[PDB]
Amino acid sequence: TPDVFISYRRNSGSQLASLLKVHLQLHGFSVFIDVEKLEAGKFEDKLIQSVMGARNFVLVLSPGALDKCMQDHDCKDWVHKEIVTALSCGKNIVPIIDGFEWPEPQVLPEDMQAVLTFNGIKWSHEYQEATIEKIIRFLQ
């Protein structure tokens, strides 16, 4: 059981997600990110179960990262599925803000609007060590 699950958008947050993984691992956290820990089998069940296993849900909110979730009421988008799983399970959700614009709740499907109520951490390129140290304070 990894302690932290990192959810991110491939096209805009892959580098920040990877950087969070390295830092969190250096500070002793077991981290789940797909490219390191998603292995053999049907990936839908493996991903969802890996969200369920992690106490902490770190959400990389790069620019436009929730765009594909909009109008995704069938829950086909994978960031959407991961967020809903995290919310449903009562995870400690820690959004990471990297140029993300806060949207109106009503543009997001009802089952994920609650993600916007969690206190988010601004990623600071100029003060990255301080950002990392704050993220660690948020983890459990």
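Start at 1 with the first residue shown and count on from there.
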| request: Would you determine, from the values in the PDB entry, which of 52 to 60 and 94 to 102 has the greater average C-alpha temperature factor? | output: 94 to 102
| field | Greater mean Cα temperature factor according to the PDB record, 103 to 111 or 78 to 86 | value | 103 to 111
| query | Between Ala17, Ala130, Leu24, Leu116, where does the Cα B-factor run highest in the record? | reply | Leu116
| task | Taking the values exactly as deposited, rank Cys69 by C-alpha B-factor within its chain and report the matching third: lowest, middle or highest. | result | highest
